[PDB]
Structures are given as C-alpha cells and as structure tokens.
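Below: one structure, written as structure tokens.
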Amino acid sequence: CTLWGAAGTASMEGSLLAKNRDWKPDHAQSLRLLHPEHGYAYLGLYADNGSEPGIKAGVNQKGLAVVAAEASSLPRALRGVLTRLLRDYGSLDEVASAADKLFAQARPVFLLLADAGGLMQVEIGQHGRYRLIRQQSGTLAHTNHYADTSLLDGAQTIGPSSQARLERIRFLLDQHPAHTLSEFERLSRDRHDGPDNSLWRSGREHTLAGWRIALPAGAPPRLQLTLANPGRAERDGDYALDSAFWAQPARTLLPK
C-alpha cells in the first residue's frame, strides 16, 4: 500500500489524502457508511471478507480522514484503532492530544490522517513506541516500512516493493510545488517498474482500490474511490460529504 498527501500551498483544493490499497486479489471490498450508536457517522473502505476483514480507510462527518499501511517490515509475530479515530475524534488536534494513549495501545501499523488543517503521519512500532509528523504546508508520503527504525526492537526487513513504491511517489510528488485531486488520480495509476514494484501493482499483489479525498476549509469534503474487486469490473465513486450525504441511511455505496 502507498499512502500520501499534500497540505498548504502544496495543494489547490485543500488537504489531500490518498491511499493505494495493494493486496493478493483474493477478497471483496466495499464502501460503507455507518451511523455508530456513539460517535460520528463515517464512510469506510471495508474488506467484506478474506483473511483480514475490517476497515482499511475512512473519513467522518467532522471532516477527519485516515488511511492505514501494514507494517510488513517486522515478522507477523510482532505485527485496531482505525475505527476509534473515525467515531470519536474530529480533528488532528483532537488526536494529537489523546495520542499518547490512543497509539500507546495500538498494534504496530502505519497511519496517515488528514483534515482541513493539514496532515499527520503516525508510525506505531513494537510496543508503545510511536513517532508523529505534522505537515501543514507541504507534502507527505509513506508505504510499508518504518522511516524511524528507533521504534523497533531490531533491524527491520524492507520489502522490494515498499522500497520502490516509496521512491516513486516521492519523486513524482517532488516535481511540482502544488498538487490536485485530478493529478493524484493519475499518480495512483502509474505502472512504472514492473507489476510488483509499481504504485498500481498487478503481480503477486494487485491494487484493489484507489482512495483520494480533498478537504477544503469551510466546504464539503470531496471523496473519489476506485474499486477493483477481482473478477468484477472497475467501479468508481465520487461523493460530496455534505450534511445531506451524512444524513442518508447507513448502507453500502460501492459497489452499487
């Protein structure tokens, strides 16, 4: 998985959060809106079935968005919280506060949250150890390996794809000063470097979805999603998370 986003003069439509979900094409995913009994309503990029079902990404009505990356760097042995964020927190500051507990008890993982204000990257290591980064007027990017090795008990294992993919969105992003949603969409479909080391994989692992959202201040958030469930044809989502959107009943919005 490839995660990345821009904030500040680095974007022309506000905070951008993107996520490329890569995985063995052996399950089905779905975009679901949920109205939890206690918390904010939120959209979710669920993995209906498979080996690891659950929320892979989302965004709530308060306009807080988050995307996760698996921490393959370390053994499955040492390898949720994505839902707490979506249904109890409405801003990066809300998270920066309850972070030393929210993440101090979160399994290892890579998180990339975003809100009208900016972006925030969270790397949760072995046990409790976690590093934070908050950019407000620039760009951010992360894949499947820790940038701060200090958050682990021992040297990690960087996968060839996590390596290559990180160097690709890093390069492509460093070309222009500012970015847009339209651009990102093009970015997520880059087929540079074979079928395994590319942003849009198609080898052992296929990119099963493309997630991208824009969060302009004082305006409805705009979400675009490309679902690619194996066997089915590609389905694309384009929504405006306004008051009305969130008012609709909880149900699957992808695939129709």
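Tabulated data
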item	result
Selected residue (only one of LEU140, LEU132 is out of contact with any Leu (no Cβ under 6 Å at 6 or more places or on another chain) and of a type outside the set (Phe, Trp, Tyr))	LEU132
Top-ranked residue of segment 183-197 - restricted to ones that are touching a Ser or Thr at 6+ places or on another chain (Cβ under 8 Å) and buried (at least 16 other Cβ atoms within 10 Å of the Cβ), ranked as nearest to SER137 (Cα to Cα)	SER188
Segment 151-170 - residue that is of a type in the set (D, E, K, R) and either within 21 Å of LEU17 (Cβ to Cβ) or under 22 Å from the mean Cα position of the chain (by Cα) (or both) and, of those, surrounded by the most Cβ atoms within 10 Å (Cβ to Cβ)	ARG165
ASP196 being among the charged types (D, E, K, R), in a loop (DSSP other than H, G, I, E, B) and touching a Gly at 6+ places or on another chain (Cβ under 6 Å)	yes
Per-region count, segment 94-126, residues β-branched (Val, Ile, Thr) and either touching a helix residue (DSSP H, G or I) at 6+ places or on another chain (Cβ under 7 Å) or surrounded by fewer than 22 Cβ atoms within 10 Å (Cβ to Cβ) (or both)	2
Pairs where the first residue, in segment 233-256, is surrounded by 15 or more Cβ atoms within 10 Å (Cβ to Cβ) and the second is in a loop (DSSP other than H, G, I, E, B) and among the aliphatic types (A, V, I, L, M), C-beta under 7 Å, 6+ apart	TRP246/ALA41
Lone unmet requirement of (1) surrounded by fewer than 17 Cβ atoms within 10 Å (Cβ to Cβ); (2) over 16 Å from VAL59 (Cβ atoms) for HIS179	(1)
Residue match in segment 182-191 (condition: on the phi < 0 side of the Ramachandran plot, touching a helix residue (DSSP H, G or I) at 6+ places or on another chain (Cβ under 8 Å) and polar (S, T, N, Q))	no
Criterion violated by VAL122 - all others in (1) more than 19 Å from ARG21 (Cβ to Cβ); (2) not in a helix (DSSP H, G or I) satisfied	(1)
Filter pass, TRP200 being crowded, with 23+ Cβ neighbours inside 10 Å and of a type outside the set (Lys, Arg)	no
Condition met for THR83 (out of contact with any helix residue (DSSP H, G or I) (no Cβ under 8 Å at 6 or more places or on another chain), closer than 18 Å to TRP211 by Cβ and either outside any strand (DSSP E or B) or hydroxyl-bearing (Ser, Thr, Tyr) (or both))	yes
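Each row is one residue, and each column tells you yes or no for (1) crowded, with 17+ Cβ neighbours inside 10 Å; (2) not polar (S, T, N, Q).
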position	(1), (2)
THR9	no, no
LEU17	yes, yes
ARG32	yes, yes
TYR40	yes, yes
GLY44	yes, yes
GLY50	no, yes
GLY54	no, yes
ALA65	yes, yes
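To keep it simple, each residue is scored yes or no on (1) under 29 Å from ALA104 (Cβ atoms); (2) part of a helix (DSSP H, G or I); (3) touching a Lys or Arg at 6+ places or on another chain (Cβ under 6 Å); (4) of a type in the set (A, V, I, L, M).
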{"residue": "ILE133", "(1), (2), (3), (4)": "yes, no, no, yes"}
{"residue": "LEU140", "(1), (2), (3), (4)": "yes, no, no, yes"}
{"residue": "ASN144", "(1), (2), (3), (4)": "yes, no, no, no"}
{"residue": "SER150", "(1), (2), (3), (4)": "yes, yes, no, no"}
{"residue": "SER162", "(1), (2), (3), (4)": "yes, yes, no, no"}
{"residue": "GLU183", "(1), (2), (3), (4)": "no, yes, no, no"}
{"residue": "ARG191", "(1), (2), (3), (4)": "no, no, no, no"}
{"residue": "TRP200", "(1), (2), (3), (4)": "no, no, yes, no"}
{"residue": "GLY218", "(1), (2), (3), (4)": "no, no, no, no"}
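Cβ: placed from backbone, ideal geometry, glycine included. Neighbour counts: every protein chain shown. Computed from the coordinates by the stated procedures, all read-outs in this text should not be read as laboratory data.
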